[PDB]
Amino acid sequence: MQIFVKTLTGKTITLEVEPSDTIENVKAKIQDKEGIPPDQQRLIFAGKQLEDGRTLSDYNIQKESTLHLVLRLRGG
Amino acid sequence: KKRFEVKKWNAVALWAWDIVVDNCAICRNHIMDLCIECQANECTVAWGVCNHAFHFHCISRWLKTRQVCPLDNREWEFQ
Amino acid sequence: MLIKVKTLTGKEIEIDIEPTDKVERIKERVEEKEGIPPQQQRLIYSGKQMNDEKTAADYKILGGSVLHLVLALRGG
Amino acid sequence: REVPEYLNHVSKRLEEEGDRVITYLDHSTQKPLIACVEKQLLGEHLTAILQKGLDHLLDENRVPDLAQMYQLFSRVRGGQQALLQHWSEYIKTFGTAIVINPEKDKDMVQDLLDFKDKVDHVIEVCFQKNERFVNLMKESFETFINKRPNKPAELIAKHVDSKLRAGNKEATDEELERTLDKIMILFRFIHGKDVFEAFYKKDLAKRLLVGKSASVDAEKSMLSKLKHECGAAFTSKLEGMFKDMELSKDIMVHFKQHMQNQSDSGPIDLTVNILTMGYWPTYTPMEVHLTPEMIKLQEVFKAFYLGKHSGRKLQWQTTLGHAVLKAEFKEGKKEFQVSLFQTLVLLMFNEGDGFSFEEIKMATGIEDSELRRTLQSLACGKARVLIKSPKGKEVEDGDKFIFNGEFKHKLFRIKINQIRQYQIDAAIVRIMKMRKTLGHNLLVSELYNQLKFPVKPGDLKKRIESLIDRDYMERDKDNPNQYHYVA
Amino acid sequence: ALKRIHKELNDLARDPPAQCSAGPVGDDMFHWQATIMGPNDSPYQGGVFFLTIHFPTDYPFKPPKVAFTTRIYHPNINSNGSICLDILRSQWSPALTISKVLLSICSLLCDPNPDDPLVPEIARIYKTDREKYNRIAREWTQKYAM
Ligand SMILES: [Zn+2]
Ligand SMILES: [Zn+2]
Ligand SMILES: [Zn+2]
């Protein structure tokens, strides 16, 4: 199966992923797709950080879903 | 007796980009289309070592505000 | 015109309304195609909670102007 | 008595009673008498009258009797409400007859348009433009049109194509837009609108690339309704097509100048449309053995266009092109506006008066299934530019088509190209708010009655657990089966 | 620039973010009002918290002053409704658009950082006892968001 992600530049790209896949590989796929480093992504689904050490199946993600990409932030 | 000749012709052709629109992030325009400021009347595209595309008129101003690529955090240089 | 009332899950419910329908009409139309009675909606259009007496023309709702639907479980 | 005559009888009797009161009965008896007679004549036979007469009467479009019927039924309490039902149910009954039968596809839309105009007319004359009947007219059409998934949209899309086509010279400019306005009032009722675009887009794709649109002003008028009816997002891709046609002509001015500056200009007069690949219908590129003079013409253009816009790539569509081939017959010269396949195949029928089906195939390279379609256009059509051996409608691999040097046709220029998760949650709190106390069993029962989709027991329990966590619902201290409303 | 804000407004009207909604409040396009529906599986569930965006005169190259209008319980958001994101003060990036800053705020509603907090009084409660945090935030949401 595949998944949609909305990059920062307005474009949208589709990622070929499996539920068993971990988020680190997801960020690596974002990297080699367009190239912002694994550290700087912060994937958002339903207003939740997609934790690096987890997999899509953890977050209840299915086909034709959408993931949002932003720039890394922090508290204050 | 033997006559293989054509006299007119119409056709069509779909045009597609070489790699991708390469959407500028500062101004959200289309790369062949001019910079958003440059539209209001020679607006060239300048690359970063990230390969990131930005209109020169946008990235120059952003650099004048910050020596940092906006997408990636690396530094800005062309090829 | 068509307003597509997309909820949290991303499901994009289609709706049709005349330019002068009162927003109670919009909620009622959502009831038919989605099943939530008008008491439990809180339609949010472009960051303004629509009020139950305003006419749709007040908010400049056009064709394909996406609203947002959020459930108010209490809903009186 | 039949209902149409009976209503006249009731209309007569009420006025006599209305006349009696003015004559000698006290005015204070005006109301109880009228209600008394009205109750007995109609109040006790509302369903009986409507069933016997309304369904028959509506079909005949009998304007006066319905006007009498609606006028009379308003007097009874709940009489008008009883008229909405049997009138509403009539639409869903006769309406379904229009759409449900697939054998009526060719005559679908006009019935829907006609039947739409009829019911609207009854509202304007008989029912006095009653807003309540207008709504249930709209709500009812929305129902039965959608009892057939994705076909009404296709036929409405196909219908608009026929109206706009250059063959539609009969309907003038003013007549046409009124027809469209009636369609847009019908296109609103469809639910699968995203299927309408693709069918209307594919048809609109054919219209532009063969110049068969009757009126460009009618074209732009159509999108001005969809854009106003579905927003610029719905019609975004459509408007891109019109730009491409507009932009292409500009390219022709610059390209044509380049060839004039070159002393080596081929006799072939060239025009090429440049269309944004994203918007237009997806086409599968397919290779054809173009002639050495043919291959060059793209090369100068492709380099020229690329030289004027870097980063692009022009991949050609040989399928959508069309050329002219002036011919030298025995009774005058003729022109043939022919697609590229027809152009190449017809360029195989001069050196030899005929060639086998296979002899032509490796010469050009077209797919067999479409080459057969092309050859059929050159043999079986009305302009039989080939003689099929054996003669027949369909083409076979053994066919030795023979060029028609005895071709006769009236016109000089001729064409051949004819060939649920939150929903569960919302209902649970909604039901439980009214109840203030309930068990699991009834809460489960009312859900399927109140939810119009399947509900798994596992999914149903999970929402209950989730709602417990959010403090919406609370179990009894001693009865887990029994819940109580919290707030 | 306006043209940047115009393009953002159009591309947001066409393809809106899922649980976000922002549009101009009136004639002045530089003053938007937004709305962050509370992310699911959080104490803010079912909430609708209204922001108030203010774009500067050089918006692409200078952050917008977003500030909650609905009093939100959060270590990183003061009672006045002001946020202290690093992306919004120090590391503002033009590539980041309003549809993205709103979504990032929505994500941060569930991912606070009591270290270096804008409200240490709540930060201590969050760091020590998260069970009470999810109840005080819930009651604030119920008494302001619904
Ligand atoms: Zn520029
Ligand atoms: Zn970069
Ligand atoms: Zn730019």
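Chains as they are written, first to last, in the entry's author numbering: chain U, 1 to 76; chain R, 19 to 59, 67 to 104; chain N, 1 to 76; chain e, 254 to 672, 692 to 759; chain D, 2 to 147.
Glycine included, C-beta positions come from ideal geometry on N, C-alpha and C.
Does e:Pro534 come out as helix, strand or coil in the three-state DSSP assignment? Residue 534 of chain e sits at position 281 when you count from the first residue of the fourth sequence. Annotated three-state conformation of e:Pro534 is coil, per DSSP.
How long is the line joining the alpha carbons of R:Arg46 and R:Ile84, rounded to whole angstroms? Position 28 of the second sequence, counting from 1, holds the residue named residue 46 of chain R. Position 59 of the second sequence, counting from 1, holds the residue named residue 84 of chain R. Rounded to the nearest angstrom, the two C-alpha atoms are 12 Å apart.
Own chain residues within Cβ distance below 8 Å of U:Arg72, not counting five before or after: To locate residue 72 of chain U, count along the first sequence from 1; it is residue 72. For U:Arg72, the CB contacts under 8 Å within the same chain, skipping 5 residues up- and downstream, are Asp39, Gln40, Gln41, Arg42 in chain order.
Would a C-beta distance cut-off of 9 Å place U:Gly47 and D:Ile37 closer than the cut-off? As a first step, residue 47 of chain U is located in the first sequence; it is residue number 47 there, counting from the start. As a first step, residue 37 of chain D is located in the fifth sequence; it is residue number 36 there, counting from the start. Yes; because the gap between Cβ atoms is below 9 Å, this pair is in contact.
Once the 5 residues before and after e:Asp743 are set aside, which same chain residues still bring their CB inside 7 Å of it? For the purposes of this step, residue 743 of chain e is taken as the residue at position 471 of the fourth sequence. Around e:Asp743: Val758.
Only counting runs of 4 or more residues, tell me where the alpha helix (DSSP H) segments fall wholly within the segment 375-414 of chain e, in order along the chain. Counting whole runs of 4 or more residues, the segment 375-414 of chain e contains the alpha helix (DSSP H) stretches 384-398.
Looking at chain N, is there any beta carbon in it that lies within less than 9 Å of the beta carbon of e:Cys483? The sequence position of residue 483 of chain e within the fourth sequence is 230, counting from 1. Using beta-carbon distances, e:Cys483 counts as an interface residue toward chain N, with a partner under 9 Å.
First and last residue of the beta strand (DSSP E) that includes e:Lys653? Here residue 653 of chain e corresponds to residue number 400 of the fourth sequence, with the count starting at 1. For e:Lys653, the enclosing beta strand (DSSP E) starts and ends at 653-656.
Separation of D:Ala19 from e:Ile302, as counted between CA atoms: Reading the fourth sequence from its first residue, position 49 is the one you call residue 302 of chain e. Reading the fifth sequence from its first residue, position 18 is the one you call residue 19 of chain D. Going by C-alpha positions, e:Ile302 is about 53 Å away from D:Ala19.
Look up e:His562 in the DSSP assignment and say whether it is helix, strand or coil. Start at 1 with the first residue of the fourth sequence, and residue 562 of chain e comes out as number 309. Coil, per DSSP.
Nearest-angstrom Cβ-Cβ length linking R:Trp101 and e:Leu523, presumed shorter than 8 Å: For the purposes of this step, residue 101 of chain R is identified with residue 76 of the second sequence, where counting begins at 1. For the purposes of this step, residue 523 of chain e is identified with residue 270 of the fourth sequence, where counting begins at 1. At roughly 45 Å, the Cβ-Cβ gap does not stay under 8 Å, so R:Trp101 and e:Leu523 are not in contact.
Is the CB of D:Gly39 under 9 Å away from at least one CB in chain U? On the fifth sequence, residue 39 of chain D is found 38 positions in, with the first residue counted as 1. At least one chain U Cβ lies under 9 Å of D:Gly39.
Report the three-state DSSP secondary structure of residue 168 of chain D (helix, strand or coil). Missing from the structure shown is residue 168 of chain D; chain D here goes from 2 to 147 and no further.
Please compile the residues from chain D whose C-beta is within a distance smaller than 7 Å of the C-beta of e:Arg742. Locating residue 742 of chain e in the fourth sequence gives position 470, counting from the first residue. The contact set of e:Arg742 on chain D, defined by CB atoms closer than 7 Å, consists of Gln46 in chain order.
Work out the CA separation of e:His298 and e:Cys379 for me, nearest whole Å. Numbered from its first residue, the fourth sequence carries residue 379 of chain e at position 126. Numbered from its first residue, the fourth sequence carries residue 298 of chain e at position 45. C-alpha of e:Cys379 to C-alpha of e:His298: approximately 21 Å in a straight line.
Between e:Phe386, e:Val448, e:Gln283, e:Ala485, which has its C-alpha nearest N:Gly64's C-alpha? For the purposes of this step, residue 64 of chain N is taken as residue 64 along the third sequence, with counting starting at 1. Nearest of e:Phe386, e:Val448, e:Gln283, e:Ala485 to N:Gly64, Cα basis: e:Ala485.
Measure the CB-CB distance between e:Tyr558 and e:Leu550 and report whether it falls below 9 Å. By one-based count along the fourth sequence, residue 558 of chain e stands at place 305. By one-based count along the fourth sequence, residue 550 of chain e stands at place 297. No, the Cβ-Cβ distance between e:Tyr558 and e:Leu550 is not below 9 Å.
When you compare the CB positions of D:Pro115 and D:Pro64, do they come within less than 9 Å of one another, or not? Here residue 115 of chain D refers to the residue found at position 114 when the fifth sequence is read from its first residue. Here residue 64 of chain D refers to the residue found at position 63 when the fifth sequence is read from its first residue. Going by C-beta atoms, D:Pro115 is not nearer than 9 Å to D:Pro64.
When you get a sec, list the residues whose CB is within less than 6 Å of any heavy atom of ligand 3, chain order please. Those residues that have a beta carbon less than 6 Å away from any non-hydrogen atom of ligand 3 are, in order along the chain, R:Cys42, R:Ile44, R:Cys45, R:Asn47, R:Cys53, R:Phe79, R:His80, R:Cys83.
Does the Cβ of U:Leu8 lie closer than 8 Å to at least one heavy atom of ligand 2? Taking the first residue of the first sequence as 1, we reach residue 8 of chain U at position 8. Incorrect: U:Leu8 has no Cβ contact closer than 8 Å to ligand 2.
Excluding the 5 residues preceding and the 5 following D:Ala138 in the sequence, name in chain order all residues of the same chain whose CB lies nearer than 7 Å to its CB. Here residue 138 of chain D corresponds to residue number 137 of the fifth sequence, with the count starting at 1. Cβ neighbours of D:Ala138 within its own chain (closer than 7 Å, five residues either side excluded): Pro44, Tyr45, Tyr74.
Taking the CB atoms as reference points, tell me whether e:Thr432 and e:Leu528 lie closer together than 9 Å. On the fourth sequence, residue 432 of chain e is found 179 positions in, with the first residue counted as 1. On the fourth sequence, residue 528 of chain e is found 275 positions in, with the first residue counted as 1. Not closer than 9 Å, so no.
Beta-carbon of e:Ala486 versus every beta-carbon of chain D: anything under 9 Å? Translated into positions along the fourth sequence, residue 486 of chain e becomes position 233. Yes, contact with chain D.
Excluding the 5 residues flanking D:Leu119 on each side, which residues of the same chain have their C-beta closer than 6 Å to its C-beta? Residue numbering aside, residue 119 of chain D sits at position 118 when the fifth sequence is read from its first letter. So the list reads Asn77, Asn79, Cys85, once near-sequence residues are dropped.
With DSSP as the reference, label N:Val5 as helix, strand or coil. Taking the third sequence and counting its residues from 1, the one referred to as residue 5 of chain N is at position 5. DSSP places N:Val5 in strand when its eight states are reduced to three.
Taking C-beta to C-beta, are e:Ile669 and e:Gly607 nearer than 9 Å? Within the fourth sequence, the letter at position 416 stands for residue 669 of chain e. Within the fourth sequence, the letter at position 354 stands for residue 607 of chain e. No; because the gap between Cβ atoms is not below 9 Å, this pair is not in contact.
Give the DSSP-derived three-state secondary structure of D:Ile54 in the structure shown. Counting from one through the fifth sequence, the residue named residue 54 of chain D turns up at place 53. Looking at D:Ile54 - three-state DSSP - the assignment turns out to be coil, as it is neither helix nor strand.
Of the listed residues e:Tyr532, e:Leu260, e:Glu291, nearest to e:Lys305 (C-alpha basis): Residue numbering aside, residue 305 of chain e sits at position 52 when the fourth sequence is read from its first letter. Restricting attention to e:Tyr532, e:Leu260, e:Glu291, the CA atom closest to the CA of e:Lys305 is found in e:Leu260.
e:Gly645, buried or exposed, once every other Cβ within 10 Å from all chains shown has been counted against 16: Mapped onto the fourth sequence, residue 645 of chain e falls at position 392. Exposed, by the Cβ-count rule.
Neighbouring residues, chain e, relative to R:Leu52 (Cβ below 8 Å): Reading the second sequence from its first residue, position 34 is the one you call residue 52 of chain R. None at all; the shortest Cβ gap to chain e is about 14 Å.
Near e:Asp312, which residues of its chain fall below 8 Å by C-beta distance, leaving aside the five closest residues on each side in sequence? Position 59 of the fourth sequence, counted from the start, is the residue given in the question as residue 312 of chain e. Here the set comprises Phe347.
Chain-order list of residues whose beta-carbon lies under 7 Å from that of N:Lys27 (same chain, five-residue window excluded): The sequence position of residue 27 of chain N within the third sequence is 27, counting from 1. Excluding the 5 residues flanking it on each side, N:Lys27 has same chain C-beta neighbours closer than 7 Å at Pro38, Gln41, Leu43, in chain order.
To the nearest angstrom, how far is it from the Cα of N:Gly75 to the Cα of e:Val701? One-based indexing of the third sequence puts residue 75 of chain N at position 75. One-based indexing of the fourth sequence puts residue 701 of chain e at position 429. Roughly 10 Å between the two C-alpha positions.
Here's the rule I'm using: 16 or more other beta-carbon atoms within 10 Å means buried, otherwise exposed. How should e:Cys289 be labelled? By one-based count along the fourth sequence, residue 289 of chain e stands at place 36. When all chains shown are included, e:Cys289 counts as exposed.
Three or more C-beta pairs closer than 8 Å, one from the segment 748-757 of chain e and one from the segment 453-465 of chain e: is that the case here? Contact between the segment 748-757 of chain e and the segment 453-465 of chain e is absent, because fewer than three Cβ pairs lie under 8 Å.
At the 9 Å Cβ level, is e:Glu746 part of the contact set with chain N, yes or no? Counting from one through the fourth sequence, the residue named residue 746 of chain e turns up at place 474. Judged by the 9 Å Cβ criterion, e:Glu746 is not in contact with chain N.
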